[PDB]
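A.B. asks: Mind looking over this structure? Questions follow.
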Amino acid sequence: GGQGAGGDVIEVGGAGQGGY
Amino acid sequence: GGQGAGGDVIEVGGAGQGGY
Amino acid sequence: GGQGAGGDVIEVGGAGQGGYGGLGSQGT
Amino acid sequence: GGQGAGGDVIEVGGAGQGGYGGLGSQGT
Amino acid sequence: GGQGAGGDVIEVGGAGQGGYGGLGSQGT
Amino acid sequence: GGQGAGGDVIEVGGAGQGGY
Amino acid sequence: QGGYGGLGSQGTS
Amino acid sequence: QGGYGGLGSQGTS
Amino acid sequence: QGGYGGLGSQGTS
């Protein structure tokens, strides 16, 4: 019985704004 | 019997905004 | 036996002009 | 037996002009 | 038996002109 | 029974904006 | 922004 | 924003 | 931004 894992993301920032 | 896992996302930030 | 499950997903962001901008997904 | 499973995704960002800008995904 | 599993992804960024700029992914 | 792992990701910053 | 706490999966403990 | 607490899955404890 | 805490998967502990 053998494990694994995924990975954790963190994103602290303003998403894309526009300028058009 | 073997485990696994997913991953935990995190985001702390303003989602997109328009500018048109 | 055994297995694990997929990972959380996020999409963000949007601006400017537009068109055909939209998602689609098929989990585990 | 045993097995792990997938990891997360994020998409961000968007600006300027646009067109055909959008995702698609098929997890584990 | 046993096996690890995939890792994360991030996408970011966008400006200027545009077109055909968008993703696609197929995890573990 | 043997393990593995995934790979974490951290991006502390604001996504892209536009100027068009 | 601001502070955080722990994260990270575990195993077989 | 602001503070956080713990997160993270567990296992077999 | 700001501070962080632990991360990182585990194993077989």
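Every chain in the structure tokens has a letter given in the order shown (A, B, ...), and although residue numbers restart at 1 in each chain, ligands are simply numbered from 1 in the order shown.
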Provide as a list in words the residues of chain A at most 6 Å from chain D, counting only C-alpha atoms.
C.D. replies: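 That gives residues 1, 2, 3, 4, 5, 6, 7, 15, 16, 17, 18 and 20 of chain A for chain A.
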A.B. asks: Keeping N, CA, C and O atoms for every residue in the selection just given, could you write it to a file as a compact mmCIF listing (two decimals), in the first residue's frame?
C.D. replies:
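part_35.txt was written with the following content:
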# COMPACT_ATOMS: atom_id res chain seq x y z
N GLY A 1 0.80 -1.21 0.00
CA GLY A 1 0.00 0.00 0.00
C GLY A 1 0.83 1.27 0.00
O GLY A 1 1.40 1.65 1.02
N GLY A 2 0.88 1.93 -1.14
CA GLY A 2 1.79 3.04 -1.35
C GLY A 2 1.05 4.31 -1.70
O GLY A 2 0.11 4.30 -2.49
N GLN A 3 1.51 5.41 -1.14
CA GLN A 3 0.82 6.68 -1.22
C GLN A 3 1.25 7.46 -2.46
O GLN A 3 1.95 6.96 -3.33
N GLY A 4 0.81 8.69 -2.51
CA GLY A 4 1.22 9.65 -3.50
C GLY A 4 0.82 10.97 -2.94
O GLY A 4 0.61 11.10 -1.73
N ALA A 5 0.68 11.96 -3.82
CA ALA A 5 0.13 13.24 -3.40
C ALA A 5 0.04 14.13 -4.62
O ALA A 5 0.66 13.87 -5.65
N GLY A 6 -0.73 15.19 -4.48
CA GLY A 6 -0.73 16.28 -5.42
C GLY A 6 0.12 17.40 -4.90
O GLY A 6 0.99 17.21 -4.06
N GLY A 7 -0.15 18.60 -5.40
CA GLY A 7 0.58 19.78 -4.97
C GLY A 7 -0.35 20.95 -4.73
O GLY A 7 -1.39 21.07 -5.35
N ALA A 15 -5.92 39.76 -10.04
CA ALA A 15 -6.10 39.17 -11.36
C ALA A 15 -6.07 40.25 -12.42
O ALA A 15 -5.94 41.44 -12.15
N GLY A 16 -6.22 39.82 -13.67
CA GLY A 16 -6.02 40.73 -14.78
C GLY A 16 -7.10 41.79 -14.84
O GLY A 16 -8.29 41.49 -14.80
N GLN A 17 -6.68 43.04 -14.94
CA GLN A 17 -7.57 44.14 -15.27
C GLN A 17 -7.32 44.55 -16.71
O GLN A 17 -6.43 44.04 -17.38
N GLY A 18 -8.14 45.47 -17.21
CA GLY A 18 -8.09 45.87 -18.60
C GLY A 18 -7.75 47.35 -18.73
O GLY A 18 -7.74 48.10 -17.76
N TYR A 20 -8.39 48.77 -22.24
CA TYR A 20 -8.88 49.11 -23.57
C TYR A 20 -9.80 50.32 -23.53
O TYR A 20 -9.41 51.41 -23.96
A.B. asks: So which residues touch residue B:11 within 8 Å, counting only C-alpha atoms, skipping near sequence neighbours fewer than 4 positions away, as a PyMOL selection string?
C.D. replies: chain A and resi 10-13
A.B. asks: How far is it from atom CA of residue B:9 to atom CA of residue F:8, in Å with one decimal?
C.D. replies: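 Interatomic distance, atom CA of residue B:9 to atom CA of residue F:8: 10.0 Å.
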A.B. asks: Enter the distance from atom CA of residue G:1 to atom CA of residue H:7, in Å, rounded to one decimal.
C.D. replies: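 If I compute the distance from atom CA of residue G:1 to atom CA of residue H:7, I get 16.4 Å.
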